[PDB]
Amino acid sequence: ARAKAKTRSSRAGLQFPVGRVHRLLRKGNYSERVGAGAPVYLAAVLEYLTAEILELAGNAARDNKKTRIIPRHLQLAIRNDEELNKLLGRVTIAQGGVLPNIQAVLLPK
Amino acid sequence: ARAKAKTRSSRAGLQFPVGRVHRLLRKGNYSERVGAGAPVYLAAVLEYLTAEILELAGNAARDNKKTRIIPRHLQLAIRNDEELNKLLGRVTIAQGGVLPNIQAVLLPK
Amino acid sequence: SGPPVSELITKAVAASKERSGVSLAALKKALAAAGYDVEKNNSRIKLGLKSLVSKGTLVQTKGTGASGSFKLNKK
Amino acid sequence: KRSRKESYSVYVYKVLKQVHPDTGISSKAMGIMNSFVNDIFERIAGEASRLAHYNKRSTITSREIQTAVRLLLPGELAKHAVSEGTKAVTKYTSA
Amino acid sequence: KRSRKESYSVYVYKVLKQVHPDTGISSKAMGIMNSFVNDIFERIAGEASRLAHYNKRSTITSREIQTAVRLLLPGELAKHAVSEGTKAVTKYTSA
Amino acid sequence: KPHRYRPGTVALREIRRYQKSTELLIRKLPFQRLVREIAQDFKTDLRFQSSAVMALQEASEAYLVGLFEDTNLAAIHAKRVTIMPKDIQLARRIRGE
Amino acid sequence: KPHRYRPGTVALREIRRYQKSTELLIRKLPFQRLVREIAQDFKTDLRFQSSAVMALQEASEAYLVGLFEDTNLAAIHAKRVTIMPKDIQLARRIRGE
Amino acid sequence: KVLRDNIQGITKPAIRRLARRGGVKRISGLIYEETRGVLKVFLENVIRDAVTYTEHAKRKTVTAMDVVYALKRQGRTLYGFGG
Amino acid sequence: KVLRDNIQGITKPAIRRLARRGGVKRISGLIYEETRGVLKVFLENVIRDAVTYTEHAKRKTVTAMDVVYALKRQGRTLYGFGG
DNA sequence: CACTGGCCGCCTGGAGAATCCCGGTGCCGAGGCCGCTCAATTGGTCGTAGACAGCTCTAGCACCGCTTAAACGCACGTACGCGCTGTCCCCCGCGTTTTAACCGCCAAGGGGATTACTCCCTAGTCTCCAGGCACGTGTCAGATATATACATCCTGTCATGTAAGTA
DNA sequence: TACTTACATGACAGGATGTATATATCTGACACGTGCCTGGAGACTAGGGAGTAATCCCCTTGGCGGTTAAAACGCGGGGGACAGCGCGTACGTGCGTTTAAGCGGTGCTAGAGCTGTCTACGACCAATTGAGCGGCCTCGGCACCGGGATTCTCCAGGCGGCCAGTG
């Protein structure tokens with residue numbers, strides 16, 4: 001007489017896996033106990049981050065008139081947002097290249 | 001009736017507390033299991049590291065005609081050992097100051 | 001129009017006549033104070049000073065080329 | 001047949017579809033996205049563990065995650081993530 | 001009546017007297033040694049934790065910390081450390 | 001005529017003194033007042049352990065001495081002995097701020 | 001008369017070319033050989049995934065482009081446009097090596 | 001109780017002394033106010049971290065140990081304060 | 001079998017291309033050898049850690065997994081190979 | 001003395017080439033469907049981590065009175081950034097020749113890596129005890145002060161080399 | 001044309017002052033004794049992670065032929081590095097002054113911290129399923145090829161300004 005199996009991601013109205021992130025926290029050994037709201041909150045944080053970065057990547061690709069996200073688009077999306085740049089200054093995206101940035105002394109008169 | 005008390009640090013011939021290191025590893029959430037020789041090894045490396053840094057501190061104190069270690073001696077010991085300085089590059093010692101270090105172009109003539 | 005550049009350079013060097021030769025920067029400031037477009041005539045004044053030092057009316061004191069110090073002839 | 005290797009494929013793809021109904025993603029950029037989410041998850045988990053240690057608390061709570069996110073993410077990213085997590089935890093507590 | 005506050009005074013003092021019979025210590029430098037051993041403990045323990053976790057190993061062994069000390073300490077610090085650690089675990093095995 | 005050293009020699013003696021000495025270089029009370037002002041922006045009615053102000057003081061002097069030694073490296077890189085602001089922005093921008 | 005661009009113009013044009021482009025800039029197989037050469041210095045008979053050579057490569061252009069951008073900043077700091085050994089040493093000194 | 005212009009409390013000779021510890025011979029006069037700005041940025045970051053630690057503990061008295069934690073999170077490790 | 005000198009395989013045009021990606025306009029002649037030395041030093045710093053990881057795993061095969069893990073430890077974290 | 005050609009700098013249009021942009025085409029990764037299985041879910045339980053109230057005590061804060069150390073400021077000086085120019089050479093661009101990188105194609109085998117097994121090792125629990133420690137005390141290494149000795153820095157002075165007037 | 005004289009320069013002695021150096025002194029911070037209790041150790045058990053044996057197959061290594069893009073080399077040359085030299089300023093340094101930090105003392109209390117209660121809350125665990133991953137197939141987005149237009153670049157050519165030679 002069990003109830004229907006509903007999902008905690010749908011309970012939070014989210015698509016990031018609440019159960020799987022909770023599993024990764026429990027087996028990732030950060031404490032012996034993990035509160036119930038913590039993986040939900042974390043999944044919301046991750047989903048917001050991924051949503052806005054894919055948003056920036058989508059506008060970059062649409063600006064690049066490509067309908068598919070390529071790592072160059074991700075690199076442009078990271079480095080054109082200063083807060084994500086400060087978040088991710090220490091990382092390298094594979095095959096991302098760099099921003100087109102020219103020092104003014106390099107350009108001719 | 002029962003065996004007489006014998007410390008694990010004396011079993012390893014060490015001064016650093018093997019039992020306390022084992023306890024802190026268990027409560028430090030690094031793994032749920034810790035091997036028996038693992039805190040012995042960690043106490044050994046900690047005891048060795050303290051040995052050279054305190055030796056260099058004592059040598060610097062002897063150079064300063066000082067009987068007791070001052071934090072200036074510790075700063076001088078770390079920054080004059082490039083192996084330790086590579087270990088503790090991003091490190092500040094409180095009230096340690098810096099090396100006497102003047103660039104060559106700063107000097108007169 | 002007015003006079004050409006050689007006369008004004010001679011006036012600039014003869015206005016002061018220091019023990020050391022006059023520097024090019026002070027000479028530019030002097031001719032600007034008298035009133036002259038030094039901006040589009042840097043090449044003009046440099047070729048003029050080479051012309052006058054080469055023709056012997058004025059002698060180089062210390063420097064080389066347009067740099068350094070300029071002082072008058074013995075007579 | 002080979003054993004299952006976990007990925008963040010379907011979740012990030014569904015989020016991309018919600019934020020952009022039309023566009024697609026390359027597979028290698030998709031692996032980059034997987035690495036991104038894994039790295040950020042690791043960072044927040046590490047901060048949560050450290051604050052749990054510092055306050056001698058045995059339990060990772062939503063408060064601890066909120067404090068860790070405020071620690072790590074800068075500015076409007078921090079308060080927007082706080083708002084999103086707050087809305088999510090209010091929805092989940094309301095079942 | 002007080003609550004318990006732990007530190008590493010006696011061990012640093014004994015190893016100092018072992019390396020220098022006549023050399024003293026100041027209390028501030030003594031706290032610096034306390035914090036030093038604490039910090040090196042967290043570094044080695046955490047990297048031992050990653051070496052354990054990432055290879056699907058649930059246990060810290062002496063081999064785990066041997067890999068970790070090989071990682072963090074540059075050059076002959078690593079070799080001397082692994083030498084005396086090997087000698088110490090050998091003595092603990094023999095006793 | 002009263003005695004007077006040439007410039008830099010007094011500065012070099014300051015270099016040797018302050019690299020020899022370990023005590024604080026900024027005054028304690030205005031730094032504590034400044035820390036209270038900065039923390040007033042985030043939370044009202046904060047109190048500070050004296051050791052907390054001391055640790056923040058150590059952080060401040062350590063970060064600034066590191067900043068000026070890298071600034072000195074930048075200045076002598078540009079064949080100068082006088083540091084200027086572009087040295088500090090260069091050092092911070094290379095370091096990652 | 002045969003045609004010839006002035007110096008730097010080709011340089012700036014392929015600045016734009018390689019900053020627009022994303023692909024690898026080191027030749028693949030000599031880099032793979034160099035990686036194995038370093039590998040046999042630590043342990044004999046090493047074998048490499050192709051992706052391992054790829055990842056060492058991506059990290060190598062990552063570190064080299066970052067270092068070279070920072071040395072470019074050091075060089076324009078010194079009122080020059082050509083990077084020098086002192087630029088490399090300066091950037092590694094502030095960066096921390 | 002209200003604090004209004006406290007950045008000037010880090011006086012000019014204090015910055016001169018800090019530059020002397022760093023090995024700086026000659027300092028421009030334009031330097032001091034931007035070092036006040038940079039120092040302000042450093043403290044506002046680290047005190048933002050430490051204050052966040054403080055309100056996390058449901059305390060409103062700042063402790064030194066949290067400042068050690070904040071410098072740890074900035075990767076600017078400090079010994080000598082009970083770390 | 002053995003390899004004795006392959007550092008010249010990182011050719012002078014390859015250093016030129018890397019400088020071009022970084023925005024470098026003009027490159028001195030002495031640059032190339034010390035950039036080979038720098039890329040050298042970075043490589044043994046990475047690969048020493050990588051083979052330490054590999055021998056800890058008791059494997060004789062380097063993975064990109066261990067390579068990006070060595071980059072993770074060394075502080076130049078890489079996206080695009082994890083997992 | 002005035003005219004006029006000649007040299008230099010500046011402005012401008014045109015030719016060529018890299019690139020942008022427009023098409024077609026064929027291809028292979030992306031996306032979507034299906035099968036599968038294993039990990040999230042439900043529900044309950046149990047033990048306990050932390051919230052909550054309360055009580056203590058200590059240290060952070062507020063105030064104040066002297067007390068000089070330091071900060072402010074100004075003035076004089078000098079040395080340092082720096083702007084300009086001139087020179088030299090060194091690296092960019094381009095053409096030619098070479099060469100090995102790459103592709104792509106095929107063989108082999110060795111090691112990841114998976115499953116199974118069986119076993120040593122480690123967490124757990126109870127008991128016991130001694131080592132680390134808060135706390136107290138005393139006491140000498142070092143701070144502090146005073147008095148000397150020398151290092152060092154800046155300057156005045158003397159011998160020398162060189163430019164200049166002149167017999 | 002060579003001789004004699006004035007100015008710039010460099011070497012050296014010497015004084016002022018800062019800094020080492022010897023010694024008295026007191027002091028409080030370091031060093032050591034003591035009650036103790038709490039965390040470390042002994043012993044034994046459950047059980048399980050993990051070492052190890054066997055296999056496989058997949059991925060890595062090895063090697064061979066062809067092409068050509070890329071590397072190497074040489075020439076040329078122009079542009080950047082940089083040395084030097086003057087200038088003007090802008091900090092350094094040293095004097096005096098203000099004041100505000102700093103030290104010492106006092107009082108308050110607010111919050112840190114520590115103790116007891118309990119109760120919500122999260123881990124454990126058997127049964128269950130459906131959500132997410134492995135595998136397969138297709139096609140259309142996109143890489144590649146090809147052709148026209150555009151922009152950029154570099155240089156040839158035209159115009160003005162000044163200057164110098166000559167009738």
# chains A, B, ... in the order shown; residues from 1 in each chain; ligands from 1
>>> closest_atom_pairs(of="chain I", to="chain E", cutoff="7 Å", atoms="only C-alpha atoms", output="JSON lines")
{"residue": "I:49", "atom": "CA", "partner": "E:71", "partner_atom": "CA", "distance": 6.1}
{"residue": "I:52", "atom": "CA", "partner": "E:67", "partner_atom": "CA", "distance": 6.6}
{"residue": "I:56", "atom": "CA", "partner": "E:67", "partner_atom": "CA", "distance": 6.4}
{"residue": "I:57", "atom": "CA", "partner": "E:55", "partner_atom": "CA", "distance": 7.0}
>>> interface_residues(of="chain K", to="chain E", cutoff="8 Å", atoms="only C-alpha atoms (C1' of nucleotides)", output="compact mmCIF listing (two decimals) with N, CA and C atoms (P, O5', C5', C4', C3', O3' and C1' of nucleotides), in the first residue's frame")
# COMPACT_ATOMS: atom_id res chain seq x y z
P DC K 30 57.38 33.52 27.17
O5' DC K 30 58.43 32.36 27.47
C5' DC K 30 59.77 32.69 27.70
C4' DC K 30 60.39 31.80 28.76
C3' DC K 30 60.14 30.31 28.59
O3' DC K 30 61.31 29.63 28.90
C1' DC K 30 59.47 30.98 30.73
P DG K 49 32.90 -2.50 3.39
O5' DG K 49 34.18 -1.78 2.80
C5' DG K 49 35.05 -1.10 3.66
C4' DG K 49 36.46 -1.62 3.52
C3' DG K 49 37.11 -1.39 2.17
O3' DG K 49 38.38 -0.83 2.37
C1' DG K 49 37.26 -3.68 2.77
P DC K 114 33.13 26.73 27.25
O5' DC K 114 32.92 26.13 28.71
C5' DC K 114 32.48 26.98 29.75
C4' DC K 114 31.34 26.36 30.52
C3' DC K 114 31.07 24.89 30.22
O3' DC K 114 30.66 24.25 31.42
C1' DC K 114 29.13 26.13 29.81
>>> select_by_dssp(residues="chain D", states="helix (DSSP H, G or I)", output="number ranges by chain")
D: 9-19, 27-54, 62-72, 75-93
>>> residues_around(residues="residue 38 in chain H", least_positions_apart="6", cutoff="10 Å", atoms="only C-alpha atoms (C1' of nucleotides)", output="PDB file with C-alpha atoms, in the first residue's frame")
ATOM      1  CA  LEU F  64      51.070  45.151   2.118  1.00  0.00           C
ATOM      2  CA  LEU F  67      52.465  44.034  -2.307  1.00  0.00           C
ATOM      3  CA  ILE F  88      50.685  48.334  -8.028  1.00  0.00           C
ATOM      4  CA  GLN F  89      47.984  47.712 -10.619  1.00  0.00           C
ATOM      5  CA  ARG F  92      47.763  43.046  -8.523  1.00  0.00           C
TER       6      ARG F  92
ATOM      7  CA  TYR H  32      49.310  56.443  -0.444  1.00  0.00           C
ATOM      8  CA  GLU H  44      36.461  44.477   3.255  1.00  0.00           C
TER       9      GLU H  44
END
>>> residues_around(residues="residue 7 in chain G", least_positions_apart="3", cutoff="7 Å", atoms="only C-alpha atoms (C1' of nucleotides)", output="MDAnalysis selection string")
(chainID G and resid 10) or (chainID J and resid 92:93)
>>> residues_around(residues="range 79-84 of chain G", least_positions_apart="2", cutoff="8 Å", atoms="only C-alpha atoms (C1' of nucleotides)", output="list in words")
residues 105 and 106 of chain A; 78 of chain F; 71, 72, 75, 76, 77, 86, 87 and 88 of chain G; 24, 25, 26, 27, 28, 30 and 31 of chain I; 80 and 81 of chain K
>>> write_last_selection(atoms="C-alpha atoms (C1' of nucleotides)", output="PDB file, in the first residue's frame")
ATOM      1  CA  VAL A 105      49.984  50.250 -27.296  1.00  0.00           C
ATOM      2  CA  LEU A 106      49.967  47.126 -29.492  1.00  0.00           C
TER       3      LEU A 106
ATOM      4  CA  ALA F  78      60.953  49.463 -15.396  1.00  0.00           C
TER       5      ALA F  78
ATOM      6  CA  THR G  71      54.859  38.961 -19.564  1.00  0.00           C
ATOM      7  CA  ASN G  72      53.211  41.034 -22.277  1.00  0.00           C
ATOM      8  CA  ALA G  75      56.785  44.341 -21.258  1.00  0.00           C
ATOM      9  CA  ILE G  76      54.270  47.098 -21.948  1.00  0.00           C
ATOM     10  CA  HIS G  77      54.846  48.189 -18.366  1.00  0.00           C
ATOM     11  CA  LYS G  86      63.506  39.663 -17.607  1.00  0.00           C
ATOM     12  CA  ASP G  87      59.778  39.737 -18.408  1.00  0.00           C
ATOM     13  CA  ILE G  88      59.494  35.960 -17.952  1.00  0.00           C
TER      14      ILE G  88
ATOM     15  CA  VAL I  24      52.380  39.110 -27.779  1.00  0.00           C
ATOM     16  CA  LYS I  25      53.342  41.333 -30.695  1.00  0.00           C
ATOM     17  CA  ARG I  26      57.104  40.808 -30.873  1.00  0.00           C
ATOM     18  CA  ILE I  27      59.383  38.197 -29.314  1.00  0.00           C
ATOM     19  CA  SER I  28      63.092  38.412 -28.570  1.00  0.00           C
ATOM     20  CA  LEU I  30      66.587  34.486 -26.521  1.00  0.00           C
ATOM     21  CA  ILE I  31      62.994  33.800 -25.410  1.00  0.00           C
TER      22      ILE I  31
ATOM     23  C1'  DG K  80      62.336  48.800 -31.503  1.00  0.00           C
ATOM     24  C1'  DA K  81      65.648  48.748 -27.734  1.00  0.00           C
TER      25       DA K  81
END
>>> residues_around(residues="residue 21 in chain F", least_positions_apart="2", cutoff="9 Å", atoms="only C-alpha atoms (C1' of nucleotides)", output="VMD selection string")
(chain B and resid 72 96 to 98) or (chain F and resid 16 to 19 23 to 24) or (chain H and resid 21)
